[PDB]
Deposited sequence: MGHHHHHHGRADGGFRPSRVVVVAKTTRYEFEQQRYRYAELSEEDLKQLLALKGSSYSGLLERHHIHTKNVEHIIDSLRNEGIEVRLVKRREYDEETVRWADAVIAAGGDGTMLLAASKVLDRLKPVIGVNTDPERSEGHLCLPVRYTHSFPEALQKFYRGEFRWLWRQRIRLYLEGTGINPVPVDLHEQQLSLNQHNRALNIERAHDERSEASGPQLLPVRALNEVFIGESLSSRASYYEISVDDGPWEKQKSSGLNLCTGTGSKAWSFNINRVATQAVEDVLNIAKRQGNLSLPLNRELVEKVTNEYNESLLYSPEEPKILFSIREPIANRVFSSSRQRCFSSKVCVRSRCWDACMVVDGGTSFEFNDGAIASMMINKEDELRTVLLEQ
């Protein structure tokens, strides 16, 4: 028990003001949808960021502060620990370049009232950040080894070169892990996807849908949730045709949805891949809207499709390519847990 880092990398979200300051570097304001609080969005990110690095350096920890474009596998090795300073976006980016279950990576919600932060330290430590560093020293914290999906590409016509979205061959290992998910599907969101899935080495079934989602326990509150969740206005629709027991009050409408959406979440440390079929098109038959597994391999039959890991890295997955997802231990990422 106990942990003080000697050197850390702070990798910072690039705010939406930073965006245009460099994007349109080629008054101002323009549309009323800016400046009013856009330069304030920026002012409070850099505020919090300076508080973090002021509070690191004031405890004698050595910090390099770097943005999306200057954060690489080389700086991560200098780091005893890694800090994402943004939202979960930033956390996912910071986890992308870590592949070592003993490097800790910790997210600080650099802007609470509009970032979400469900992978970062509580909103408390965003502004009382020595209180965090002290808890780390004194060991009043806990280790959360988060499960991560590992990728594997083979087949023919394949191309394992990764693509930063921020702009006859053997089984190659793709160089990102998935903290949140791996989303297979067609590029044109209107072109339907077609493939053959195989769960836990079971037989191959054909499928036609708007894509495949493949999440970790921790990623089950992210995309795999919006895929599969039900709506309270459409359980009233389902429970009223289920009329022709209960008198059906509004209190019940929420207590049937809230126990349904509660089964779609499992635990970060749990080592299962919850893989759902997004809007399946039921000929090729369907069933299993979703299910838990350990290994799933899908065979691409698409024209121009990608498999996309945590929304930031993309891989080609046109007809002839094969991918294989599996949780493996040396992938699990070392997060911390603190107090309200």
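- In this chain, the deposited residues that lack C-alpha positions fall in the ranges 1-12, 39-48, 190-212, 290-293, 332-333.
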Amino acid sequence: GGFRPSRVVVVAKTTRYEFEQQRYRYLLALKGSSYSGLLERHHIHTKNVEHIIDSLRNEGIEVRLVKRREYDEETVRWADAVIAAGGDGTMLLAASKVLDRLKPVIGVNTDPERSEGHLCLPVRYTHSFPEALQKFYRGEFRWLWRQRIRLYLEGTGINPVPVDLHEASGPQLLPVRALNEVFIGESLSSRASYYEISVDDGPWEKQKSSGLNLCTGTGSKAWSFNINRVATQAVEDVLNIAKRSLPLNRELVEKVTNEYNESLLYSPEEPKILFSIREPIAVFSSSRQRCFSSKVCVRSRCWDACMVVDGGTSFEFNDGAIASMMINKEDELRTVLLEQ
From here on, numbers count along this sequence of modelled residues.
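- Compared with other PDB entries of the same protein, residue 203 is present in all of those that resolve the residues around it, none of them, let alone a third, dropping it.
- Per the records, residue 43 is modelled in every other compared entry, just as the shown structure includes it, so no third of them leave it out.
- Stretches 35-43 and 273-281 differ in mean C-alpha B factor, with the higher average recorded for 35-43.
- The deposited model assigns a higher average Cα B-factor to 289-297 than to the other stretch when 46-54 and 289-297 are compared.
- Within the listed group 111, 88, 201, 74, the record reports its top CA B-factor for 201.
- Among 145, 260, 183, 152, the highest C-alpha B-factor in the deposited entry belongs to 260.
- Per the PDB record, residue ranking by Cα B-factor puts residue 107 in the lowest third of the chain.
- Residue-level temperature factors show residue 249 in the highest third of its chain, judged at the C-alpha atom.
- Residue 129: CA B factor in the lowest third of modelled residues in this chain (values from the PDB entry).
- Ranked against the other modelled residues of its chain, the C-alpha B-factor of residue 6 as given in the entry falls in the middle third.
- Per-chain ranking of the deposited C-alpha B factor places residue 177 in the lowest third.
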